[PDB]
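**Q** Got a structure for you, questions after.
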Amino acid sequence: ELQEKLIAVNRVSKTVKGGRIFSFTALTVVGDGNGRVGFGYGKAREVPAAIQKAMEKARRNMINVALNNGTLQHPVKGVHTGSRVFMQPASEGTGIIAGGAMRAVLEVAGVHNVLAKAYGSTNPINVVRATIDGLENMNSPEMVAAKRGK
Amino acid sequence: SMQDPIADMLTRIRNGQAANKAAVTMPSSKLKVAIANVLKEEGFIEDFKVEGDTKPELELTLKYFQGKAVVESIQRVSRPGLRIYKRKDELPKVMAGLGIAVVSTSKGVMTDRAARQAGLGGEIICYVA
Amino acid sequence: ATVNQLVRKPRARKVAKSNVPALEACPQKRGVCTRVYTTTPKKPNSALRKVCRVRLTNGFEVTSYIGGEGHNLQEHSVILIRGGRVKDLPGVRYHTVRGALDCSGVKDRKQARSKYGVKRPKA
Amino acid sequence: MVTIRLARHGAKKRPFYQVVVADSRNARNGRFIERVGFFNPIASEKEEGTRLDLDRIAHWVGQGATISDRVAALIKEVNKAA
Amino acid sequence: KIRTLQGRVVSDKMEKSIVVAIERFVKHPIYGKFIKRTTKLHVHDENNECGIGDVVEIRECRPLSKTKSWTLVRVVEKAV
Amino acid sequence: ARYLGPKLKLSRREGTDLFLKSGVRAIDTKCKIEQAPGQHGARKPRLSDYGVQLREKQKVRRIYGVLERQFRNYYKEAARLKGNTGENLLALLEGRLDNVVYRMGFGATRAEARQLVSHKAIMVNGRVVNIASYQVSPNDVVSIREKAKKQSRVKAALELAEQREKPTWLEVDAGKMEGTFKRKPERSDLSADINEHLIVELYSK
RNA sequence: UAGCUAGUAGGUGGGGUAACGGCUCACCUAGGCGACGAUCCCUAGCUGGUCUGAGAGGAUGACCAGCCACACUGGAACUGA
RNA sequence: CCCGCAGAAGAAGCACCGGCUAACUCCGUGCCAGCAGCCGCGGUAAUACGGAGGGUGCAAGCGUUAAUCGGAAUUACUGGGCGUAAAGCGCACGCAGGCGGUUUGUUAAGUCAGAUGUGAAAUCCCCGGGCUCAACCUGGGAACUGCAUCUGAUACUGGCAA
Ligand SMILES: [Mg+2]
Ligand SMILES: [Mg+2]
Ligand SMILES: [Mg+2]
Ligand SMILES: [Mg+2]
Ligand SMILES: [Mg+2]
Ligand SMILES: [Mg+2]
Ligand SMILES: [Mg+2]
Ligand SMILES: [Mg+2]
Ligand SMILES: [Mg+2]
Ligand SMILES: [Mg+2]
Ligand SMILES: [Mg+2]
Ligand SMILES: [Mg+2]
Ligand SMILES: [Mg+2]
Ligand SMILES: [Mg+2]
Ligand SMILES: [Mg+2]
Ligand SMILES: [Mg+2]
Ligand SMILES: [Mg+2]
Ligand SMILES: [Mg+2]
Ligand SMILES: [Mg+2]
């Protein structure tokens with residue numbers, strides 16, 4: 001149950017006396033399938049080098065989120081830089097419909113039946129990220145009682 | 001200019017909280033009270049207190065659980081500019097159940113959980129989770 | 001912003017100009033050939049693009065593109081025109097339906113024959 | 001005069017009438033006062049094919065209404081009671 | 001009775017040609033906010049008595065004049 | 001309507017057996033499956049997600065011999081019908097007579113099993129149903145018409161029908177050449193090598 | 001487009017209509033409408049609904065049904081329930 | 001609708017294959033001829049022009065044009081913005097309008113509740129039934145999220161009083 005996938009790979013340029021020196025960037029997401037999901041970025045002069053240098057970053061940099069069986073408990077909003085993301089429980093019929101790119105984090109995460117959309121910029125590095133913090137801020141479908149009950 | 005007292009509460013809380021502040025005061029009113037109630041009752045603050053006669057003065061004790069505060073989000077919903085009224089079948093339910101929505105009905109200031117039970121509707125004062 | 005504001009002056013939806021006054025939403029319109037030109041294109045490109053100005057059945061006198069390779073089309077030719085700009089010829093916003101009215105189809109075309117109105121050559 | 005008659009909402013070569021109370025002058029399949037039955041002339045032996053709310057009908061009839069040659073025929077065919 | 005409205009006078013100054021205001025409050029069908037939607041009515045009062053600024057009760061009758069379909073029923077308060 | 005072209009070509013591009021030459025031989029070869037659906041068939045298609053999403057539904061489709069029109073509508077239907085879109089898709093897709101015909105072994109290939117339908121040589125609960133997409137349902141009973149019964153094809157058909165895994169939700173005879181659709185094939189029946197929720201994603205955006 | 005309005009707004013009486021009614025008339029009052037948009041200009045048959053959209057909305061009003069209006073153009077009445 | 005008869009016999013085409021986007025090679029051409037929904041292809045190895053072989057997608061249709069909504073949270077009520085990107089009137093005063101601290105009483109218009117009537121049928125949706133299936137036809141519900149009358153409730157808003 002390793003379960004990983006990269007979301008976006010891209011090229012960038014540096015520009016020096018001698019010209020444009022190019023490179024690449026991968027942005028990836030790994031999840032166990034039962035909460036616990038992390039993304040990693042990492043860049044390198046060639047593609048494989050970067051996509052791998054990324055996968056690792058994600059293995060560290062890994063949060064965990066209080067599911068509720070196949071789904072989220074309540075609806076949640078996330079918002080990093082220019083991405084404002086929104087995802088919703090959805091009493092699954094099938095579910096897992098969402099903006100492929102946050103479909104990534106969502107499936108490795110283990111949620112099985114949500115609807116999502118991304119507003120603002122669909123800049124990957126900030127959606128996958130906005131959603132992570134999204135799922136992250138989410139809270140204990142019970143241990144709000146922790147907060148309260150008292 | 002102090003044209004919405006309830007937002008001034010919702011916010012004196014909200015801020016004081018984010019400022020890990022224990023206490024919090026303000027001018028009181030029947031309406032302020034009835035809400036402090038639901039906030040205590042439903043357990044988002046320790047307990048309230050009104051000290052004075054001429055110029056009454058609501059006082060609230062903030063709860064903090066872990067490092068965090070207990071009130072993750074306090075937001076007005078109705079307001080002077082644009083008032084809200086849901087019936088019974090159209091009363092909102094915050095955070096899918098978790099947390100709650102204050103609402104004033106003809107039979108006093110209750111929660112959504114309550115007003116649904118009470119079978120009636122009112123003005124949805126604010127949301128709290 | 002304010003609810004008063006929106007109440008006073010509601011939100012209005014930008015109405016869309018067309019890009020093809022083929023008058024009233026028409027699939028295509030008939031016209032007669034005022035001039036049969038061939039002008040050259042814009043910045044990056046360079047060529048001798050065949051076109052024609054057409055008085056349309058509905059008055060409008062517009063320039064349209066003549067697609068394909070080669071064409072017998074001259075002054076007084078009765079043609080049919082459809083929507084379709086040609087970014088290269090700024091101000092050309094319509095295409096001529098090859099193979100319509102008095103417009104020939106492109107000669108010897110075997111690929112994509114239905115555009116460039118060419119009939120299925122005898123197998 | 002108001003009349004009970006067969007409005008015809010079938011389908012080419014597979015007719016299916018809606019029996020209806022209405023203003024006699026209105027269009028066959030047009031403005032009516034109430035529906036009071038239906039008559040499937042294809043129905044077939046299977047089951048249903050002529051449900052007919054006898055209680056309203058013969059209340060209108062008394063109320064003043066009149067009946068089609070081909071409606072009264074459905075009634076002394078439905079029998080009435082059994 | 002069969003229904004009735006109230007509202008302040010607004011104009012007495014004409015021979016039984018009494019005209020009454022009727023403010024309401026209504027949700028704006030689009031932006032929620034509640035706003036005042038007034039209604040003026042030409043109501044009949046015989047022997048002219050309802051006075052400018054008098055709140056008054058009103059019922060809907062047959063057409064008296066072209067314009068008039070309402071008569072008063074009672075008065076309520078004066079000297080505003 | 002029907003595909004009609006070179007059958008194996010399909011499997012080769014789809015990358016798996018589809019049983020369109022279903023007959024005699026097995027585990028292809030005697031064909032060339034895989035390494036050249038065309039002139040550049042060898043080359044590896046590092047294909048996009050859209051690519052894989054497309055080819056799954058394309059695969060399921062080349063399987064039952066169904067065109068885009070009908071297929072899209074099966075999907076539509078599935079989605080409507082309560083409970084998991086992706087499964088119902090398959091349910092519907094199996095409820096096809098022509099399929100139930102081939103499944104009960106009355107035809108070598110799904111096609112043949114279809115030509116059989118088209119040729120009023122099949123009968124649900126008694127009467128002839130010559131239309132391939134006729135939806136078969138629990139307790140239904142399909143039988144070859146005496147007229148052309150035990151004729152060339154169908155013999156061998158019912159023959160290597162046992163060579164196959166042999167279904168479960170149904171019950172062949174091979175004497176009376178009739179068979180009874182016992183129950184709507186469960187998910188767990190069939191498949192493994194078909195991944196619905198892709199062809200769901202495909203038709204979901 | 002910021003003002004509009006003399007049967008105009010109301011009253012009294014005669015007339016009138018199948019009927020209430022400035023419907024009409026005579027006389028009296030000076031009223032009536034309007035920034036919650038009158039007047040003027042532009043466009044338009046309205047609806048059930050239709051297409052779209054997760055929704056809220058947007059767009060639309062063939063085919064079917066309901067209402068209205070028109071019948072070569074303007075005007076009129078006669079017959080008749 | 002049923003039965004016999006003959007022979008696979010009478011019955012496949014259209015768009016695409018540079019990226020977005022499923023599908024690649026050769027030959028011609030050489031900023032020409034031409035392509036182009038958008039980016040942009042064409043000056044000698046063009047998967048982007050034209051032909052070919054191959055492939056992908058559709059299929060009695062296939063493409064092109066036109067047209068509405070969608071994606072467009074790009075008029076943002078739901079659901080947006082105004083220091084430097086579009087966007088705070090040069091400044092003030094103030095009528096209308098909007099909004100308005102706090103307490104009690106009353107009012108009950110807003111608001112809330114219930115009841116009742118109404119919201120034509122068709123349509124849409126749910127479960128059925130009928131045409132070989134289907135489209136189609138059809139029984140019955142559900143839904144018409146609305147409106148109106150009456151009776152209630154009085155926290156909040158509005159009125160009134162102090
Ligand atoms: Mg970092
Ligand atoms: Mg207050
Ligand atoms: Mg077809
Ligand atoms: Mg008179
Ligand atoms: Mg008109
Ligand atoms: Mg949307
Ligand atoms: Mg007609
Ligand atoms: Mg006339
Ligand atoms: Mg007469
Ligand atoms: Mg590709
Ligand atoms: Mg082309
Ligand atoms: Mg070359
Ligand atoms: Mg929008
Ligand atoms: Mg903006
Ligand atoms: Mg600026
Ligand atoms: Mg300034
Ligand atoms: Mg209805
Ligand atoms: Mg059936
Ligand atoms: Mg009060």
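Ligands are numbered from 1 in the order shown, residues from 1 within each chain, and chains are lettered A, B, ... in the order they appear in the structure tokens.
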Applying 10 Å and only C-alpha atoms (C1' of nucleotides), which residues near residue 130 in chain F remain after dropping the ones on its own chain fewer than 4 positions away? List them as an MDAnalysis selection string.
**A** (chainID F and resid 97:98 114:124 134) or (chainID H and resid 132:133)
**Q** Taking only C-alpha atoms into account, which residues of chain A are within 10 Å of chain F, as a list in words?
**A**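 Those within range of chain F come out as residues 92, 93, 94, 95, 96, 97, 98, 99 and 100 of chain A.
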**Q** Could you pull out all residues of chain D with a DSSP call of alpha helix (DSSP H) and give them as a list in words?
**A**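 Result set for chain D (alpha helix (DSSP H)): residues 54, 55, 56, 57, 58, 59, 60, 61, 62, 63, 69, 70, 71, 72, 73, 74 and 75 of chain D.
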**Q** Would you mind exporting N, CA and C atoms of the selected residues as a CSV table (one decimal), in the first residue's frame?
**A**
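What landed in part.csv:
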```
chain,number,residue,atom,x,y,z
D,54,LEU,N,-66.9,5.6,-12.2
D,54,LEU,CA,-68.4,5.6,-12.3
D,54,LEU,C,-69.1,6.6,-11.3
D,55,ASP,N,-68.4,6.9,-10.2
D,55,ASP,CA,-69.0,7.8,-9.2
D,55,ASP,C,-69.1,9.2,-9.6
D,56,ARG,N,-68.1,9.8,-10.2
D,56,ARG,CA,-68.1,11.1,-10.7
D,56,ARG,C,-69.0,11.2,-12.0
D,57,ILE,N,-68.7,10.4,-13.0
D,57,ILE,CA,-69.4,10.3,-14.2
D,57,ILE,C,-70.9,10.5,-13.9
D,58,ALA,N,-71.5,9.5,-13.4
D,58,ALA,CA,-73.0,9.5,-13.2
D,58,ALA,C,-73.4,10.6,-12.1
D,59,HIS,N,-72.5,11.3,-11.6
D,59,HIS,CA,-72.8,12.5,-10.8
D,59,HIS,C,-72.9,13.7,-11.8
D,60,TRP,N,-71.9,13.9,-12.7
D,60,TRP,CA,-72.0,14.9,-13.7
D,60,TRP,C,-73.3,14.6,-14.5
D,61,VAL,N,-73.4,13.4,-15.1
D,61,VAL,CA,-74.6,13.1,-15.9
D,61,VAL,C,-75.8,13.6,-15.2
D,62,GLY,N,-76.0,13.4,-13.9
D,62,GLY,CA,-77.1,14.0,-13.2
D,62,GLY,C,-76.9,15.5,-13.0
D,63,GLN,N,-75.6,15.9,-12.9
D,63,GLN,CA,-75.3,17.3,-12.7
D,63,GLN,C,-75.8,18.1,-14.0
D,69,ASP,N,-71.5,8.4,-27.7
D,69,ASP,CA,-72.0,7.0,-28.1
D,69,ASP,C,-71.0,6.0,-27.6
D,70,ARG,N,-69.7,6.3,-27.7
D,70,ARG,CA,-68.6,5.4,-27.4
D,70,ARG,C,-68.2,5.4,-25.9
D,71,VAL,N,-68.8,6.2,-25.1
D,71,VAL,CA,-68.5,6.2,-23.6
D,71,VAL,C,-69.6,5.3,-22.9
D,72,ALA,N,-70.9,5.7,-23.2
D,72,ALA,CA,-72.0,4.9,-22.6
D,72,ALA,C,-71.8,3.4,-23.0
D,73,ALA,N,-71.1,3.2,-24.1
D,73,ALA,CA,-70.8,1.8,-24.6
D,73,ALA,C,-69.8,1.1,-23.7
D,74,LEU,N,-68.9,1.9,-23.1
D,74,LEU,CA,-67.9,1.4,-22.2
D,74,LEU,C,-68.6,1.0,-20.8
D,75,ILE,N,-69.7,1.6,-20.5
D,75,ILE,CA,-70.4,1.5,-19.3
D,75,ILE,C,-71.3,0.2,-19.3
```
**Q** What are the residues of chain A lining chain B at 9 Å or less? Count only C-alpha atoms, and put the answer as a list in words.
**A**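 Using only C-alpha atoms, chain A residues at most 9 Å from chain B: residues 73, 74, 75, 76, 141, 142, 144, 145, 146, 147, 148, 149 and 150 of chain A.
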**Q** Write a file of the just-selected residues containing N, CA, C and O atoms, as a short mmCIF file (atom, residue, chain, number, x, y, z; two decimals), in the first residue's frame.
**A**
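Saved file again03.cif follows:
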```
data_model
loop_
_atom_site.label_atom_id
_atom_site.label_comp_id
_atom_site.auth_asym_id
_atom_site.auth_seq_id
_atom_site.Cartn_x
_atom_site.Cartn_y
_atom_site.Cartn_z
N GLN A 73 -15.85 14.03 7.24
CA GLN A 73 -16.99 14.16 8.13
C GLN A 73 -17.90 15.27 7.59
O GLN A 73 -19.03 15.00 7.17
N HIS A 74 -17.38 16.49 7.59
CA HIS A 74 -18.12 17.68 7.17
C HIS A 74 -17.48 18.31 5.91
O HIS A 74 -16.47 17.82 5.41
N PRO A 75 -18.07 19.41 5.39
CA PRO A 75 -17.39 20.00 4.24
C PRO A 75 -16.25 20.91 4.68
O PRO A 75 -16.31 21.50 5.77
N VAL A 76 -15.21 21.02 3.85
CA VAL A 76 -14.07 21.85 4.20
C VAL A 76 -13.55 22.71 3.04
O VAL A 76 -13.61 22.32 1.86
N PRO A 141 -14.47 14.03 14.05
CA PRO A 141 -15.94 14.00 14.02
C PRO A 141 -16.48 13.69 15.40
O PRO A 141 -17.68 13.81 15.64
N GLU A 142 -15.59 13.26 16.28
CA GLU A 142 -15.92 13.11 17.68
C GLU A 142 -15.23 14.23 18.45
O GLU A 142 -15.90 15.08 19.03
N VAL A 144 -14.49 16.97 18.66
CA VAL A 144 -14.99 18.30 18.93
C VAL A 144 -15.55 18.23 20.35
O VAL A 144 -15.54 19.22 21.07
N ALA A 145 -16.05 17.05 20.71
CA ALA A 145 -16.48 16.73 22.08
C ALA A 145 -15.32 16.95 23.03
O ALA A 145 -15.48 17.48 24.12
N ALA A 146 -14.14 16.50 22.62
CA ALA A 146 -12.92 16.83 23.31
C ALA A 146 -12.93 18.33 23.65
O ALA A 146 -12.88 18.71 24.82
N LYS A 147 -13.02 19.17 22.62
CA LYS A 147 -13.17 20.61 22.80
C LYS A 147 -14.30 20.89 23.79
O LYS A 147 -14.12 21.60 24.79
N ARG A 148 -15.46 20.33 23.49
CA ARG A 148 -16.66 20.55 24.28
C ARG A 148 -16.91 19.35 25.19
O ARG A 148 -16.04 19.01 25.98
N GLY A 149 -18.08 18.71 25.08
CA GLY A 149 -18.50 17.74 26.09
C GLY A 149 -18.35 18.48 27.41
O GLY A 149 -19.33 18.73 28.12
N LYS A 150 -17.10 18.82 27.71
CA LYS A 150 -16.75 19.92 28.61
C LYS A 150 -17.27 21.26 28.04
O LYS A 150 -18.24 21.31 27.28
#
```
**Q** I'd like the contact shell of range 34-40 of chain D - 6 Å cut-off, only C-alpha atoms (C1' of nucleotides), skipping same-chain residues fewer than 5 positions apart - returned as an NGL selection string.
**A** :D and (16-21 or 49-53)
**Q** Store the residues picked out above in a file with N, CA and C atoms, as a PDB file, in the first residue's frame.
**A**
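Contents of the output file result-v4.pdb:
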```pdb
ATOM      1  N   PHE D  16     -54.887   5.571 -27.340  1.00  0.00           N
ATOM      2  CA  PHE D  16     -55.172   5.356 -25.930  1.00  0.00           C
ATOM      3  C   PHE D  16     -55.935   6.555 -25.391  1.00  0.00           C
ATOM      4  N   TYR D  17     -57.228   6.375 -25.144  1.00  0.00           N
ATOM      5  CA  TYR D  17     -58.098   7.500 -24.866  1.00  0.00           C
ATOM      6  C   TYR D  17     -58.093   7.848 -23.395  1.00  0.00           C
ATOM      7  N   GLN D  18     -58.183   9.144 -23.127  1.00  0.00           N
ATOM      8  CA  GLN D  18     -58.448   9.669 -21.796  1.00  0.00           C
ATOM      9  C   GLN D  18     -59.893  10.134 -21.772  1.00  0.00           C
ATOM     10  N   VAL D  19     -60.757   9.422 -21.066  1.00  0.00           N
ATOM     11  CA  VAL D  19     -62.163   9.818 -21.025  1.00  0.00           C
ATOM     12  C   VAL D  19     -62.285  11.036 -20.124  1.00  0.00           C
ATOM     13  N   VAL D  20     -63.047  12.033 -20.571  1.00  0.00           N
ATOM     14  CA  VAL D  20     -63.052  13.315 -19.877  1.00  0.00           C
ATOM     15  C   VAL D  20     -64.340  14.151 -19.950  1.00  0.00           C
ATOM     16  N   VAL D  21     -64.599  14.838 -18.843  1.00  0.00           N
ATOM     17  CA  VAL D  21     -65.707  15.769 -18.725  1.00  0.00           C
ATOM     18  C   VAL D  21     -65.196  17.129 -19.188  1.00  0.00           C
ATOM     19  N   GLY D  49     -57.522  -2.093 -18.668  1.00  0.00           N
ATOM     20  CA  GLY D  49     -57.768  -1.450 -19.949  1.00  0.00           C
ATOM     21  C   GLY D  49     -59.034  -0.619 -20.116  1.00  0.00           C
ATOM     22  N   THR D  50     -59.687  -0.229 -19.020  1.00  0.00           N
ATOM     23  CA  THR D  50     -60.919   0.562 -19.116  1.00  0.00           C
ATOM     24  C   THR D  50     -61.351   1.144 -17.756  1.00  0.00           C
ATOM     25  N   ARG D  51     -60.400   1.390 -16.858  1.00  0.00           N
ATOM     26  CA  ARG D  51     -60.726   2.015 -15.573  1.00  0.00           C
ATOM     27  C   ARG D  51     -61.657   3.211 -15.777  1.00  0.00           C
ATOM     28  N   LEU D  52     -62.707   3.305 -14.966  1.00  0.00           N
ATOM     29  CA  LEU D  52     -63.776   4.267 -15.227  1.00  0.00           C
ATOM     30  C   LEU D  52     -64.493   4.710 -13.950  1.00  0.00           C
ATOM     31  N   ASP D  53     -64.123   5.882 -13.439  1.00  0.00           N
ATOM     32  CA  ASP D  53     -64.653   6.399 -12.178  1.00  0.00           C
ATOM     33  C   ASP D  53     -66.168   6.643 -12.212  1.00  0.00           C
TER      34      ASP D  53
END
```
**Q** Neighbouring residues of range 119-125 of chain A were defined as those with any atom within 6 Å, considering only C-alpha atoms (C1' of nucleotides); residues of the same chain fewer than 3 positions away were excluded. Please report them as a PyMOL selection string.
**A** chain A and resi 82-85+128
**Q** Set the cut-off to 12 Å, count only C-alpha atoms (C1' of nucleotides) and all ligand atoms, and list whatever residues fall near ligand 18 as a ChimeraX atom specification.
**A** /F:134-137 /H:128-138
**Q** When you look at residue 67 in chain G with a cut-off of 12 Å (counting only C-alpha atoms (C1' of nucleotides)), what residues show up, excluding the ones that are within fewer than 6 positions of it in the same chain? I need them as a VMD selection string.
**A** (chain D and resid 31) or (chain G and resid 45 to 48) or (chain H and resid 120)
**Q** Give as a list in words every residue of chain E that touches chain B within 12 Å, counting only C-alpha atoms.
**A**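 Result: residues 26, 27, 28, 30, 31, 32, 33, 34 and 35 of chain E.
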**Q** Need the shell around residue 187 in chain F: protein/DNA/RNA residues with any atom at most 12 Å away, counting only C-alpha atoms (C1' of nucleotides). Skip same-chain ones fewer than 3 positions apart. Format as an MDAnalysis selection string?
**A** chainID F and resid 84:94 169 183:184 190:192 194:196
**Q** Using only C-alpha atoms (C1' of nucleotides), which chain H residues lie at most 12 Å away from chain A, written as an NGL selection string?
**A** :H and (71-74 or 76 or 79-80)
**Q** Ligand 12: which residues are within 10 Å, counting only C-alpha atoms (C1' of nucleotides) and all ligand atoms? Reply as a list in words.
**A**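 Protein and nucleic-acid residues within 10 Å of ligand 12: residues 26, 27, 28, 29, 30, 44, 45 and 46 of chain H.
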